[PDB]
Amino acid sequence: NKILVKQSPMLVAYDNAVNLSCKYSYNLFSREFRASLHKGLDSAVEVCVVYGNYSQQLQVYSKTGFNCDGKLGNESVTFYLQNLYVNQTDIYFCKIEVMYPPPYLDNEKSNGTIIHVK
């Protein structure tokens, strides 16, 4: 199948921070999931990855040097990006995947969200 993703069309950073909320087409709750934020039209850089597994506290992280924070919420995940640089102004795309229970589930490429860091 294909999960749905609804995200804000734009987000103006306040104090070089913003809140990236991703609205999904999925679950009341409890499965093993890997949420992802990617920056760029060529979606190169993966800004953040909030991992979940039923219970076990949400494990957010970044391999790219972003001060990322993640908050769960049923059919949504919110990426709290801090210390964003003005040169990081770009289109960010949300991604969601379930790895258990099977089968593998993925999202249909969203319309994205332009983050304008002033």
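In case it trips you up, residue 1 is the first one in the sequence shown, and so on.
- On average the C-alpha atoms of 23-31 have higher B-factors than those of the other stretch, with 61-69 and 23-31 being the two compared.
- The mean Cα B-factor in the deposited entry runs higher for 50-58 than for the other of 79-87 and 50-58.
- Among the modelled residues of the chain, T113 sits in the lowest third by CA temperature factor in this PDB entry.
- The entry lists a Cα temperature factor for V18 that places it in the lowest third of the chain's modelled residues.
- Among all modelled residues in this chain, the alpha-carbon of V12 has a temperature factor (C-alpha) in the lowest third.
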